[PDB]
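Please treat every number below as a calculation from the coordinates, not as lab data. Here Cβ is always computed from backbone atoms with ideal geometry, including for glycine, and neighbour counts include all displayed protein chains.
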Amino acid sequence: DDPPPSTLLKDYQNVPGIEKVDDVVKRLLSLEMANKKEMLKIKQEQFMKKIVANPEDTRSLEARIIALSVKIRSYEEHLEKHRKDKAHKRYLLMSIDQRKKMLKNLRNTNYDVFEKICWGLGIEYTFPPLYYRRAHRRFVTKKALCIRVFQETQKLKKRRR
Amino acid sequence: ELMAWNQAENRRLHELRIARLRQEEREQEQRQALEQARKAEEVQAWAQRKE
Amino acid sequence: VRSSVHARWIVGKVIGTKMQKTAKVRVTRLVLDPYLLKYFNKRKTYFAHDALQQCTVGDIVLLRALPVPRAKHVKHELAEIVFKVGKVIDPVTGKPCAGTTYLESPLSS
Amino acid sequence: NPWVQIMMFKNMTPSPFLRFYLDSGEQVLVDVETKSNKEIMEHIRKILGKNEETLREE
Amino acid sequence: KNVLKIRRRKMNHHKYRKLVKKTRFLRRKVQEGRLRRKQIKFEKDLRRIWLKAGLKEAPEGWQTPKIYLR
Amino acid sequence: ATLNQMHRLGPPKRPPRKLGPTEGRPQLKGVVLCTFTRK
RNA sequence: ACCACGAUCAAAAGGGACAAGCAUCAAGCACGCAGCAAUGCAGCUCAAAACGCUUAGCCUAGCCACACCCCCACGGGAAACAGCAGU
Ligand SMILES: NC(=O)c1ccc[n+]([C@@H]2O[C@H](COP(=O)([O-])OP(=O)(O)OC[C@H]3O[C@@H](n4cnc5c(N)ncnc54)[C@H](O)[C@@H]3O)[C@@H](O)[C@H]2O)c1
Ligand SMILES: [K+]
Ligand SMILES: [Mg+2]
Ligand SMILES: [Mg+2]
Ligand SMILES: [Mg+2]
Ligand SMILES: [Mg+2]
């Protein structure tokens, strides 16, 4: 879910006395009257507070994963509307690849933080396929038949025994 | 006997490592104090600008 | 005299855990190229009995030969886990670490 | 030593070390931080290397 | 650069394109027959599979699709 | 190439030698069918 | 040793190792595992070359394979020099 539009900008959230200003100033300094990048910054800060142990450290692998996850969500939201944007499709796919690489590094280095990142961001880590080969019509049909024939043989052997 | 000697060598290296790490900790404390002071100074002025 | 399995002790990385109580482990040895006289890694797959199913994909494990194979391809058992994937304990200092960085300082103890 | 399985690991721990696994199940840990490669070779020769006399007998 | 190789490529391609135009009708029949034989070979491979497996006929509900007919 | 590439490809594989008109034999027997001259 | 204690030698079985060319042979199609069993899981091999085709006796104090053919030889074809000399 997006932060409420009434939320203050990241840059005006700690200035002393921000609660004693007029409603007009509050609107002027909120997410309602800003571009989407400020909303993404607030999302990033929220995720950093929720997940990482030290939210001030932005150079850590977890922080980079959070930032790229927010960027990926932005790209997906863009592409729902812009179906023919090939450049942004490329950017989304490349960002997904980079996040998978960082997740692999995190899993190999810090499993607890890896689990926290996976739960907090709703990411499902998957292992890459072992072989990259075309699944053409002949192979697909043959594999389906082979699975069917194995099932039939299993049924026949169960009947026999 | 050779395994005992190897373990003794490991222990000696561990003591040397503890000494080196203690020195590193001290230097890191000094540098971190300086950087924290600089960070606080920067944040104060940036907050006053946004005020 | 103690076992009929050729490889008595081997170290590998777990590459599969989809079999019940069996870890598929990849072991790499160094083989000399006769022409280039350079050592290259040669890989071999081993099935190791994991009674407690405590092995995860990617961890470095030690396999010990069974006295006799318990199955067609299972000739070993999991002696220990040398490195738990993402949960390495520095053998030299005994402290948790994430890669080259200490998670807990050695001085703390 | 053609029949000894040598395996390398990179940037997994804060410091470098060697570990030998023996047929008896004993494990020998050799810390090598701050040591030159010649020093490491001499140390492993001393602790787990056949002496010259055994080689001459063979 | 050698322009003669580019010229020879031009001549060979132009000569090739003339042949396919001249024998276009013959080629289509040959391709259709080849695809028919291809489909037959694929079916025989599938039949060999279920025959070796033990089944006397195909698995129930299985029908070998035509994966080479346009 | 690099050492990795040379290891992957392995030793060069010289093709089998092509057999000539005598099929790799010193001499052959033959029956004359027709005689003529060529330019 | 012969009475065996065991040595020597060496089968069957189990583990490991091992020719060449073709990837225009790229997928194999049941090739795994756990349980005393019942049964359960859906797995196993493979571009670090599986599966397949073709070629070739080999790593020579020697070794392997074959002994007319049907790999084998109850059985069948049929009547056997790839022992020496010889045709
Ligand atoms: N073929 C694979 O699926 C695969 C899997 C793991 C690693 N690799 C590595 O990729 C390199 C190329 O291998 P090749 O000469 O046998 O492929 P190749 O060019 O000869 O084509 C064979 C198949 O491998 C795929 N392939 C090709 N290049 C690949 C790559 N870099 N990574 C993954 N798949 C690739 C192709 O899609 C094709 O289906 C090798 O170093 C190999 O170790 C390949
Ligand atoms: K025979
Ligand atoms: Mg035998
Ligand atoms: Mg004869
Ligand atoms: Mg015979
Ligand atoms: Mg004779």
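What to note about this one:
To keep it simple, each residue is scored yes or no on (1) near RNA strand G (Cβ under 9 Å from one of its atoms); (2) of a type in the set (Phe, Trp, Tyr).
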site: C:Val1; (1), (2): no, no
site: C:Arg8; (1), (2): no, no
site: C:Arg26; (1), (2): no, no
site: C:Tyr39; (1), (2): no, yes
site: C:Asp50; (1), (2): yes, no
site: C:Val57; (1), (2): no, no
site: C:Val61; (1), (2): no, no
site: C:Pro69; (1), (2): yes, no
site: C:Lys75; (1), (2): yes, no
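- Search result, residues across segment A:1-14 that are farther than 21 Å from A:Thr58 by Cα and either surrounded by fewer than 16 Cβ atoms within 10 Å (Cβ to Cβ) or among the small types (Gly, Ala, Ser) (or both): A:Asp1, A:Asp2, A:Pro4, A:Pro5, A:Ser6
- Within segment B:3-23, residues that are β-branched (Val, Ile, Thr) sit with their Cβ atoms under 7 Å from residues that are surrounded by 12 or more Cβ atoms within 10 Å (Cβ to Cβ), at 6+ positions apart or across chains, in these pairs: B:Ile18/C:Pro106; B:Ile18/C:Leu107.
- Just so you know, in segment C:69-90 the residues that are in contact with an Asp or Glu (Cβ under 9 Å, 6 or more places away or on another chain) and part of a loop (DSSP other than H, G, I, E, B) include one that is nearest to ligand 1 (Cβ to nearest atom), and it is C:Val85.
- Output for segment A:31-50, where each listed residue is over 17 Å from A:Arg73 (Cα atoms) and either crowded, with 18+ Cβ neighbours inside 10 Å or among the polar types (S, T, N, Q) (or both): A:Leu31
- Residue within segment B:23-45 that is assigned to a helix (DSSP H, G or I) and within 30 Å of D:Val28 (Cβ to Cβ) present: yes
- Residue match in segment B:3-26 (condition: more than 25 Å from C:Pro91 (Cβ to Cβ), surrounded by fewer than 12 Cβ atoms within 10 Å (Cβ to Cβ) and not aliphatic (A, V, I, L, M)): yes
- Selection within segment C:62-76 - crowded, with 17+ Cβ neighbours inside 10 Å and free of Cβ contacts under 8 Å to residues at least 60 places away in the same chain: C:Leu62, C:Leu63, C:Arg64, C:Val74
- Looking across segment C:19-58 at every residue that is among the aliphatic types (A, V, I, L, M) and within 14 Å of another protein chain (Cβ to nearest Cβ), the one that is surrounded by the most Cβ atoms within 10 Å (Cβ to Cβ) is identified as C:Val25.
- Among (1) surrounded by 10 or more Cβ atoms within 10 Å (Cβ to Cβ); (2) assigned to a loop (DSSP other than H, G, I, E, B), the one test that E:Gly33 misses: (2)
Here's the yes/no breakdown for (1) within 16 Å of RNA strand G (Cβ to nearest atom); (2) within 14 Å of chain C (Cβ to nearest Cβ); (3) among the aromatic types (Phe, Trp, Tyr):
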| site | (1), (2), (3) |
| --- | --- |
| A:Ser95 | no, no, no |
| A:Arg99 | no, no, no |
| A:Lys104 | no, yes, no |
| A:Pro128 | yes, yes, no |
| A:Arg138 | yes, no, no |
| A:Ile147 | yes, no, no |
| A:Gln151 | yes, no, no |
| A:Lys155 | yes, no, no |
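- Inter-residue pairs, beta-carbon under 9 Å, first within 14 Å of another protein chain (Cβ to nearest Cβ) and within 16 Å of ligand 1 (Cβ to nearest atom) and in segment F:9-38, second assigned to a loop (DSSP other than H, G, I, E, B) and small (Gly, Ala, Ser), 6+ apart: F:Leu9/F:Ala1
- Flag if C:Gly12 is free of Cβ contacts under 8 Å to residues at least 60 places away in the same chain and either in a loop (DSSP other than H, G, I, E, B) or touching a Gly at 6+ places or on another chain (Cβ under 8 Å) (or both): no
- Test for D:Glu53: is it closer than 19 Å to B:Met3 by Cα and more than 10 Å from chain B (Cβ to nearest Cβ): no
- Meets criteria (surrounded by 17 or more Cβ atoms within 10 Å (Cβ to Cβ), in a helix (DSSP H, G or I), at negative phi and not hydroxyl-bearing (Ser, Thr, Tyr)) for A:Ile147: no
- For segment C:15-38, taking the residues that are among the aliphatic types (A, V, I, L, M) and not in a loop (DSSP other than H, G, I, E, B), the one that is farthest from D:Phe9 (Cα to Cα) is identified as C:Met19.
Yes or no, residue by residue, for (1) within 30 Å of C:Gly86 (Cβ to Cβ); (2) in contact with a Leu (Cβ under 7 Å, 6 or more places away or on another chain):
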| position | (1), (2) |
| --- | --- |
| A:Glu19 | no, no |
| A:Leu29 | no, yes |
| A:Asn54 | yes, no |
| A:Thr58 | yes, no |
| A:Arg64 | yes, no |
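- Within segment D:7-27, tally of residues that are under 14 Å from the mean Cα position of the chain (by Cα), surrounded by 11 or more Cβ atoms within 10 Å (Cβ to Cβ) and part of a loop (DSSP other than H, G, I, E, B): 3
- Scope segment C:91-108; condition part of a loop (DSSP other than H, G, I, E, B), over 21 Å from the mean Cα position of the chain (by Cα) and within 10 Å of chain A (Cβ to nearest Cβ); matching residues: C:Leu103
- Taken over segment D:28-58, the criterion of being of a type in the set (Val, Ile, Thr), assigned to a loop (DSSP other than H, G, I, E, B) and in contact with a strand residue (DSSP E or B) (Cβ under 8 Å, 6 or more places away or on another chain) is satisfied by D:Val32 alone.
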